């Protein structure tokens, strides 16, 4: 069926040591819809905490990802140790966009776009790489 309106969805890319976090109530990137009157960035922090217990302290808006159902904004987030919570029953980690893992199509497509941005010669690509540098240092320090 043709969706008549698009959800204002917020989606999180959370790099753990061995890959990007995905969850399953198919696996998908974590996140959810923003309510009327709230920003997708507000909704993302709320929903990542609900789904995994992670408390986001830093985020970088990366790009929009638009589908017939969803108008995503996609964010690289730094936060703890994830665990399945509430509606989430499993979590895993994805090492590349063509993982064997059974990913929701949109999730794979966003990961593909992420992998490209990571190597971009742009102010945004530099910010993303710097942030991943920070996450890597924090993890190493632990």
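Numbering follows the first chain given and starts at 1.
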item: Gap size, residue 26 back to residue 25 (deposited sequence, no coordinates); value: 1 to 3
item: Count class of deposited residues lacking coordinates, residue 79 to residue 80; value: 1 to 3
item: Given 97-105 and 64-72, the range whose Cα B-factors average higher in the PDB entry; value: 97-105
item: Selected stretch [higher average CA B-factor]: 83-91 or 106-114; value: 83-91
item: Residue 31, C-alpha B-factor rank within chain (lowest, middle or highest third); value: middle
item: For residue 18, the third of its chain into which the C-alpha B factor falls; value: highest
